[PDB]
Amino acid sequence: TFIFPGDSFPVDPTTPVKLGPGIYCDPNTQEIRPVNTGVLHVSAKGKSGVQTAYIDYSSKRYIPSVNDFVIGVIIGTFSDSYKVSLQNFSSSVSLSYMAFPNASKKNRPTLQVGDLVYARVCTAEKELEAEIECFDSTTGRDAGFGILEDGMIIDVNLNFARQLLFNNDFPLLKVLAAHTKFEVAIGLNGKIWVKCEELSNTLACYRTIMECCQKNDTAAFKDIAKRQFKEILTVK
Amino acid sequence: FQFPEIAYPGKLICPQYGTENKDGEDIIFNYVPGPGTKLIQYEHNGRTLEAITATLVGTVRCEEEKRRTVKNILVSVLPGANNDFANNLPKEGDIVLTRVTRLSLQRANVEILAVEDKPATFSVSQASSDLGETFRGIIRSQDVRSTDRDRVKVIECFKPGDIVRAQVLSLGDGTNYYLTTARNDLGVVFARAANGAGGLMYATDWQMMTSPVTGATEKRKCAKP
Amino acid sequence: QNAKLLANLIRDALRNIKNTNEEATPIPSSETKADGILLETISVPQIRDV
RNA sequence: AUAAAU
């Protein structure tokens with residue numbers, strides 16, 4: 001059931017629906033209407049009285065939202081924060097120095113410009129500069145957010161990244177584990193960080209994820225990893 | 001009566017100092033330059049001389065402002081619709097209507113549109129808003145309100161496009177003027193819902209702005225009529 | 001141990017502050033008068049000449 | 001009080 005922009009909505013006006021990506025609430029007419037093209041996903045809880053929705057659509061330009069995991073690059077340093085850009089040609093984001101474990105006004109973090117960081121967006125307003133924090137409260141006692149070292153970063157459309165982070169039925173992480181050991185950071189801003197013990201394995205992972213990003217096939221991806229890790233052998 | 005009522009630019013009005021004889025005592029009239037006048041130097045026959053000269057085409061008005069008596073007269077020239085008003089410039093203590101251009105975390109920069117006069121009437125500064133020739137000003141986060149000066153959420157106070165009535169504490173640098181909305185009569189005056197996308201909103205509470213049209217309520221810093 | 005001295009010191013300190021305040025009012029007034037002297041110095045005779 | 005306002 002594909003949904004297009006300007007599409008009629010079945011739900012009644014009196015009963016509210018929680019906002020989801022793709023769904024837009026008009027500030028003027030107060031009507032709730034879809035603005036993106038894709039599959040509508042709705043979750044209903046309880047016998048009656050509450051609802052939630054969003055649209056899974058193909059987009060690649062990230063827009064910061066509360067509680068979104070993103071991988072950013074710190075281009076430059078200001079007085080009290082880092083300037084980090086999640087994406088190219090995109091507005092800069094404000095990362096606080098005090099947004100680190102064991103922070104102090106006397107000792108600034110040792111992060112240098114060009115370092116990769118795993119971060120979550122705390123406050124994101126449409127008309128204000130967005131802000132991220134190294135540690136996210138929601139995940140647990142320890143965020144696991146620290147600047148990445150070495151590895152390789154991969155560009156990926158927002159849909160592919162969201163499926164890789166929230167969907168456990170996505171075979172990509174499984175088919176890569178069947179070939180080599182690897183650690184992976186996943187950003188909702190369409191960035192994927194991959195690192196192995198050897199470069200040839202990281203490179204092989206890069207090439208697979210890229211093709212998987214291109215291919216978008218469950219059947220292809222299992223084979224894709226096969227021919228990729230094979231091709232590295234001969235290339236060696 | 002001695003000085004011409006109306007003077008064109010470059011017309012001599014009155015010398016530097018003046019005096020008269022009344023009640024058996026010399027009264028000293030001190031002539032001081034004003035808006036429309038300029039004290040310059042003229043020399044005749046090798047003799048130096050300073051006299052008040054009008055610089056604007058207007059009727060001329062004098063007004064007194066402050067043993068042996070003592071006096072002070074203010075000489076000025078007033079022109080006499082289109083209004084220019086250049087003499088008017090943001091100075092410490094004046095009230096100024098501004099519009100929010102951008103929002104940051106620790107401050108909020110705007111641009112100066114009009115300036116409140118003195119006894120309401122205003123002086124509109126005409127400039128191009130699509131160039132940047134318009135005077136820019138910055139409202140600090142500590143100058144938002146007297147209540148809790150330390151922690152102030154700028155997102156819940158102002159908004160891009162909202163009109164803010166403020167008072168300039170100081171000139172600052174060439175880039176930003178200093179603006180405070182600490183008092184009651186200062187704050188967001190005119191604003192619309194959703195950054196101007198929705199309908200008009202009016203000021204009810206000092207920290208709450210509502211819209212009696214769509215029933216929308218947004219958190220702003222409102223002033224008092 | 002030197003708290004008695006400190007109490008004495010505060011009393012010693014206090015007297016000086018008081019002396020300064022009385023003096024200050026006088027100083028402001030003179031300025032218009034200073035402006036007067038220049039007019040006095042200039043000859044009345046010239047003014048009729050110019 | 002072990003290195004402060006790119």
# chains A, B, ... in the order shown; residues from 1 in each chain; ligands from 1
call {"tool": "interface_residues", "arguments": {"of": "chain A", "to": "chain B", "cutoff": "10 Å", "atoms": "only C-alpha atoms", "output": "PyMOL selection string"}}
result
chain A and resi 26-30+94+125-131
call {"tool": "write_last_selection", "arguments": {"atoms": "C-alpha atoms", "output": "mmCIF file, in the first residue's frame"}}
result
data_model
loop_
_atom_site.group_PDB
_atom_site.id
_atom_site.type_symbol
_atom_site.label_atom_id
_atom_site.label_comp_id
_atom_site.auth_asym_id
_atom_site.auth_seq_id
_atom_site.Cartn_x
_atom_site.Cartn_y
_atom_site.Cartn_z
ATOM 1 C CA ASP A 26 0.202 21.818 8.753
ATOM 2 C CA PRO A 27 0.779 24.778 11.129
ATOM 3 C CA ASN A 28 -1.989 26.760 9.424
ATOM 4 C CA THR A 29 -4.839 24.316 8.774
ATOM 5 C CA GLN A 30 -3.894 21.875 11.560
ATOM 6 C CA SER A 94 26.957 22.035 17.880
ATOM 7 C CA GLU A 125 15.026 22.697 16.276
ATOM 8 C CA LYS A 126 14.103 23.622 12.702
ATOM 9 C CA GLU A 127 15.018 27.285 13.180
ATOM 10 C CA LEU A 128 17.977 26.707 15.501
ATOM 11 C CA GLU A 129 21.423 25.124 15.191
ATOM 12 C CA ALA A 130 21.196 21.426 16.068
ATOM 13 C CA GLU A 131 23.099 19.901 18.996
#
call {"tool": "closest_atom_pairs", "arguments": {"of": "chain D", "to": "segment 69-81 of chain A", "cutoff": "12 Å", "atoms": "only C-alpha atoms (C1' of nucleotides)", "output": "CSV"}}
result
residue,atom,partner,partner_atom,distance
D:4,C1',A:79,CA,11.3
D:5,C1',A:79,CA,8.1
D:6,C1',A:78,CA,7.1
call {"tool": "write_last_selection", "arguments": {"atoms": "N, CA, C and O atoms (P, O5', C5', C4', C3', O3' and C1' of nucleotides)", "output": "PDB file, in the first residue's frame"}}
result
ATOM      1  P     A D   4      46.455  26.730  28.870  1.00  0.00           P
ATOM      2  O5'   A D   4      45.051  27.470  29.006  1.00  0.00           O
ATOM      3  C5'   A D   4      43.984  26.892  29.782  1.00  0.00           C
ATOM      4  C4'   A D   4      42.765  27.784  29.738  1.00  0.00           C
ATOM      5  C3'   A D   4      42.794  28.884  28.677  1.00  0.00           C
ATOM      6  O3'   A D   4      42.155  28.445  27.483  1.00  0.00           O
ATOM      7  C1'   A D   4      42.426  29.851  30.799  1.00  0.00           C
ATOM      8  P     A D   5      42.464  29.181  26.096  1.00  0.00           P
ATOM      9  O5'   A D   5      41.385  30.352  26.061  1.00  0.00           O
ATOM     10  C5'   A D   5      40.430  30.447  24.987  1.00  0.00           C
ATOM     11  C4'   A D   5      39.449  31.562  25.258  1.00  0.00           C
ATOM     12  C3'   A D   5      39.595  32.796  24.369  1.00  0.00           C
ATOM     13  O3'   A D   5      38.737  32.703  23.238  1.00  0.00           O
ATOM     14  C1'   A D   5      39.707  33.445  26.636  1.00  0.00           C
ATOM     15  P     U D   6      39.287  33.081  21.784  1.00  0.00           P
ATOM     16  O5'   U D   6      39.467  31.661  21.084  1.00  0.00           O
ATOM     17  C5'   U D   6      40.584  31.402  20.214  1.00  0.00           C
ATOM     18  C4'   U D   6      40.156  30.518  19.067  1.00  0.00           C
ATOM     19  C3'   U D   6      40.603  29.063  19.158  1.00  0.00           C
ATOM     20  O3'   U D   6      39.601  28.271  19.782  1.00  0.00           O
ATOM     21  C1'   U D   6      41.314  29.973  17.098  1.00  0.00           C
TER      22        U D   6
END
call {"tool": "closest_atom_pairs", "arguments": {"of": "chain C", "to": "chain B", "cutoff": "9 Å", "atoms": "only C-alpha atoms", "output": "JSON lines"}}
result
{"residue": "C:39", "atom": "CA", "partner": "B:17", "partner_atom": "CA", "distance": 8.6}
{"residue": "C:47", "atom": "CA", "partner": "B:18", "partner_atom": "CA", "distance": 8.2}
{"residue": "C:50", "atom": "CA", "partner": "B:49", "partner_atom": "CA", "distance": 8.1}
call {"tool": "residues_around", "arguments": {"residues": "residue 161 of chain B", "least_positions_apart": "3", "cutoff": "10 Å", "atoms": "only C-alpha atoms (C1' of nucleotides)", "output": "PyMOL selection string"}}
result
chain B and resi 98-102+110+158+164+190-192+195-196
call {"tool": "write_last_selection", "arguments": {"atoms": "C-alpha atoms", "output": "tab-separated table (two decimals), in the first residue's frame"}}
result
chain	number	residue	atom	x	y	z
B	98	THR	CA	13.71	44.94	15.76
B	99	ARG	CA	13.18	41.77	13.74
B	100	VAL	CA	14.82	38.41	14.47
B	101	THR	CA	17.22	37.39	11.70
B	102	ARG	CA	18.79	34.30	13.26
B	110	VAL	CA	18.41	40.93	15.01
B	158	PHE	CA	12.28	34.48	20.46
B	164	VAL	CA	10.87	42.39	19.30
B	190	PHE	CA	4.07	40.93	16.65
B	191	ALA	CA	4.44	37.27	15.71
B	192	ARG	CA	2.75	34.47	13.78
B	195	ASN	CA	7.66	31.00	12.02
B	196	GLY	CA	5.03	33.00	10.13
call {"tool": "atom_distance", "arguments": {"atom1": "atom CA of residue 151 of chain B", "atom2": "atom CA of residue 83 of chain A"}}
result
22.9 Å
call {"tool": "atom_distance", "arguments": {"atom1": "atom CA of residue 16 of chain C", "atom2": "atom CA of residue 2 of chain C"}}
result
21.8 Å
call {"tool": "select_by_dssp", "arguments": {"residues": "chain C", "states": "alpha helix (DSSP H)", "output": "VMD selection string"}}
result
chain C and resid 3 to 24 31 to 41 44 to 49
call {"tool": "write_last_selection", "arguments": {"atoms": "N, CA and C atoms", "output": "compact mmCIF listing (two decimals), in the first residue's frame"}}
result
# COMPACT_ATOMS: atom_id res chain seq x y z
N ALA C 3 42.24 38.16 66.03
CA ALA C 3 40.88 38.63 65.77
C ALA C 3 40.63 39.99 66.42
N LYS C 4 41.25 40.22 67.57
CA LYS C 4 41.13 41.50 68.25
C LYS C 4 41.71 42.61 67.39
N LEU C 5 42.84 42.32 66.76
CA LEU C 5 43.48 43.27 65.85
C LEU C 5 42.58 43.54 64.65
N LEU C 6 41.95 42.49 64.14
CA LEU C 6 41.06 42.61 62.99
C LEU C 6 39.87 43.50 63.32
N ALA C 7 39.31 43.32 64.52
CA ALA C 7 38.20 44.15 64.96
C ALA C 7 38.67 45.60 65.08
N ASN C 8 39.87 45.78 65.63
CA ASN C 8 40.49 47.09 65.72
C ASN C 8 40.77 47.66 64.33
N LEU C 9 41.23 46.80 63.43
CA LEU C 9 41.56 47.21 62.07
C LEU C 9 40.32 47.70 61.33
N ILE C 10 39.20 47.01 61.52
CA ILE C 10 37.96 47.41 60.88
C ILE C 10 37.54 48.79 61.37
N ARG C 11 37.67 49.01 62.67
CA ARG C 11 37.42 50.32 63.25
C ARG C 11 38.43 51.32 62.71
N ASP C 12 39.68 50.89 62.59
CA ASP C 12 40.71 51.75 62.01
C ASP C 12 40.36 52.08 60.56
N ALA C 13 39.90 51.07 59.83
CA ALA C 13 39.49 51.22 58.43
C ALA C 13 38.29 52.15 58.24
N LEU C 14 37.33 52.06 59.15
CA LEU C 14 36.04 52.73 59.02
C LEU C 14 36.12 54.25 58.96
N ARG C 15 37.01 54.84 59.75
CA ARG C 15 37.08 56.29 59.87
C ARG C 15 37.42 56.99 58.56
N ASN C 16 38.34 56.40 57.79
CA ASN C 16 38.77 56.99 56.53
C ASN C 16 37.66 57.12 55.49
N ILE C 17 36.82 56.10 55.39
CA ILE C 17 35.76 56.06 54.40
C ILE C 17 34.82 57.24 54.60
N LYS C 18 34.56 57.57 55.87
CA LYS C 18 33.65 58.65 56.22
C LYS C 18 34.14 60.02 55.76
N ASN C 19 35.45 60.25 55.85
CA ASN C 19 36.01 61.55 55.50
C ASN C 19 35.79 61.95 54.04
N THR C 20 35.91 60.98 53.14
CA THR C 20 35.81 61.23 51.71
C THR C 20 34.44 61.75 51.24
N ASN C 21 33.37 61.21 51.82
CA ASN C 21 32.02 61.48 51.35
C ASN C 21 31.57 62.94 51.43
N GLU C 22 31.92 63.62 52.52
CA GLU C 22 31.50 65.01 52.73
C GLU C 22 32.05 65.95 51.66
N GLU C 23 33.30 65.72 51.27
CA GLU C 23 34.02 66.58 50.33
C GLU C 23 33.40 66.65 48.93
N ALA C 24 32.87 65.53 48.46
CA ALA C 24 32.55 65.36 47.04
C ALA C 24 31.53 66.33 46.44
N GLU C 31 31.75 74.39 37.10
CA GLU C 31 32.01 74.31 35.66
C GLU C 31 31.40 75.39 34.76
N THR C 32 30.16 75.78 35.04
CA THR C 32 29.52 76.88 34.33
C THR C 32 30.31 78.16 34.58
N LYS C 33 30.77 78.32 35.82
CA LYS C 33 31.58 79.47 36.20
C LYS C 33 32.88 79.51 35.41
N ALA C 34 33.47 78.34 35.20
CA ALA C 34 34.70 78.24 34.43
C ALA C 34 34.44 78.72 33.01
N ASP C 35 33.28 78.35 32.47
CA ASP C 35 32.84 78.84 31.17
C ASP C 35 32.67 80.35 31.25
N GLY C 36 32.27 80.91 32.38
CA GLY C 36 32.08 82.36 32.44
C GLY C 36 33.32 83.23 32.17
N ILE C 37 34.45 82.74 32.65
CA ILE C 37 35.70 83.49 32.63
C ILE C 37 36.11 83.86 31.21
N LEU C 38 35.88 82.96 30.26
CA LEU C 38 36.25 83.25 28.88
C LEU C 38 35.50 84.46 28.31
N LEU C 39 34.20 84.55 28.60
CA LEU C 39 33.40 85.69 28.17
C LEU C 39 33.89 86.97 28.84
N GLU C 40 34.25 86.84 30.12
CA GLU C 40 34.77 88.00 30.82
C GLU C 40 36.04 88.49 30.13
N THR C 41 36.93 87.55 29.82
CA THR C 41 38.23 87.88 29.24
C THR C 41 38.10 88.56 27.89
N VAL C 44 34.27 93.40 25.49
CA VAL C 44 32.93 93.76 25.04
C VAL C 44 33.05 94.57 23.76
N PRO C 45 34.05 95.45 23.75
CA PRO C 45 34.32 96.32 22.59
C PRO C 45 34.42 95.62 21.24
N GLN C 46 35.08 94.47 21.18
CA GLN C 46 35.25 93.76 19.92
C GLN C 46 33.91 93.30 19.35
N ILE C 47 33.03 92.86 20.24
CA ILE C 47 31.76 92.25 19.87
C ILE C 47 30.93 93.23 19.05
N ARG C 48 30.99 94.50 19.41
CA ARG C 48 30.33 95.55 18.65
C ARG C 48 31.06 95.79 17.33
N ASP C 49 32.36 95.52 17.33
CA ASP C 49 33.17 95.68 16.13
C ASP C 49 32.88 94.59 15.10
call {"tool": "closest_residue", "arguments": {"among": "A:84, A:66, A:147, A:186", "to": "residue 123 of chain A", "atoms": "only C-alpha atoms"}}
result
A:66
call {"tool": "residues_around", "arguments": {"residues": "residue 172 of chain A", "least_positions_apart": "2", "cutoff": "8 Å", "atoms": "only C-alpha atoms (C1' of nucleotides)", "output": "list in words"}}
result
residues 164, 170, 174, 175, 176, 209, 212, 221 and 222 of chain A
call {"tool": "residues_around", "arguments": {"residues": "residue 61 of chain A", "least_positions_apart": "2", "cutoff": "10 Å", "atoms": "only C-alpha atoms (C1' of nucleotides)", "output": "list in words"}}
result
residues 58, 59, 63, 64, 87, 88, 89, 90, 157, 158, 189 and 190 of chain A
call {"tool": "residues_around", "arguments": {"residues": "residue 35 of chain B", "least_positions_apart": "2", "cutoff": "12 Å", "atoms": "only C-alpha atoms (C1' of nucleotides)", "output": "ChimeraX atom specification"}}
result
/B:32-33,37-39,52-58,60-62,74-79,85-88
call {"tool": "select_by_dssp", "arguments": {"residues": "segment 119-161 of chain A", "states": "strand (DSSP E)", "output": "mmCIF file with N, CA, C and O atoms, in the first residue's frame"}}
result
data_model
loop_
_atom_site.group_PDB
_atom_site.id
_atom_site.type_symbol
_atom_site.label_atom_id
_atom_site.label_comp_id
_atom_site.auth_asym_id
_atom_site.auth_seq_id
_atom_site.Cartn_x
_atom_site.Cartn_y
_atom_site.Cartn_z
ATOM 1 N N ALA A 119 27.654 9.862 17.761
ATOM 2 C CA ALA A 119 26.871 10.818 18.551
ATOM 3 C C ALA A 119 25.350 10.699 18.386
ATOM 4 O O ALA A 119 24.861 10.191 17.378
ATOM 5 N N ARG A 120 24.621 11.185 19.385
ATOM 6 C CA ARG A 120 23.165 11.211 19.345
ATOM 7 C C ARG A 120 22.674 12.651 19.445
ATOM 8 O O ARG A 120 23.227 13.451 20.200
ATOM 9 N N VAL A 121 21.639 12.980 18.680
ATOM 10 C CA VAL A 121 21.121 14.341 18.646
ATOM 11 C C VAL A 121 20.174 14.591 19.812
ATOM 12 O O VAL A 121 19.117 13.968 19.906
ATOM 13 N N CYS A 122 20.551 15.505 20.699
ATOM 14 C CA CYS A 122 19.729 15.820 21.861
ATOM 15 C C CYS A 122 18.638 16.834 21.525
ATOM 16 O O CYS A 122 17.449 16.517 21.572
ATOM 17 N N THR A 123 19.044 18.052 21.184
ATOM 18 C CA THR A 123 18.095 19.108 20.852
ATOM 19 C C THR A 123 18.223 19.525 19.392
ATOM 20 O O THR A 123 19.273 19.999 18.963
ATOM 21 N N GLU A 131 22.087 20.280 18.014
ATOM 22 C CA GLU A 131 23.099 19.901 18.996
ATOM 23 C C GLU A 131 23.154 18.389 19.198
ATOM 24 O O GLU A 131 22.118 17.723 19.243
ATOM 25 N N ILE A 132 24.363 17.854 19.321
ATOM 26 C CA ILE A 132 24.546 16.434 19.603
ATOM 27 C C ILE A 132 25.322 16.232 20.898
ATOM 28 O O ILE A 132 25.989 17.148 21.380
ATOM 29 N N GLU A 133 25.226 15.029 21.456
ATOM 30 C CA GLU A 133 25.962 14.683 22.666
ATOM 31 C C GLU A 133 26.605 13.305 22.542
ATOM 32 O O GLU A 133 25.971 12.355 22.081
ATOM 33 N N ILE A 147 34.957 8.607 19.955
ATOM 34 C CA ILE A 147 35.445 8.886 18.612
ATOM 35 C C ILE A 147 36.007 7.611 17.997
ATOM 36 O O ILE A 147 36.762 6.880 18.639
ATOM 37 N N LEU A 148 35.634 7.350 16.749
ATOM 38 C CA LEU A 148 36.105 6.169 16.033
ATOM 39 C C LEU A 148 37.572 6.304 15.650
ATOM 40 O O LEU A 148 38.041 7.402 15.353
ATOM 41 N N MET A 152 36.905 2.501 8.086
ATOM 42 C CA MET A 152 36.452 3.178 6.878
ATOM 43 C C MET A 152 34.978 3.546 7.015
ATOM 44 O O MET A 152 34.191 2.780 7.570
ATOM 45 N N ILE A 153 34.612 4.721 6.519
ATOM 46 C CA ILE A 153 33.234 5.190 6.611
ATOM 47 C C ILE A 153 32.531 5.020 5.263
ATOM 48 O O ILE A 153 33.155 5.134 4.207
ATOM 49 N N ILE A 154 31.236 4.720 5.301
ATOM 50 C CA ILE A 154 30.491 4.425 4.080
ATOM 51 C C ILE A 154 29.243 5.290 3.941
ATOM 52 O O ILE A 154 28.469 5.435 4.887
ATOM 53 N N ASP A 155 29.056 5.864 2.756
ATOM 54 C CA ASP A 155 27.844 6.613 2.454
ATOM 55 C C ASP A 155 26.705 5.658 2.109
ATOM 56 O O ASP A 155 26.903 4.672 1.400
#
call {"tool": "closest_residue", "arguments": {"among": "A:199, A:220, A:213, A:178", "to": "residue 232 of chain A", "atoms": "only C-alpha atoms"}}
result
A:199
call {"tool": "atom_distance", "arguments": {"atom1": "atom CA of residue 65 of chain A", "atom2": "atom CA of residue 143 of chain A"}}
result
17.9 Å
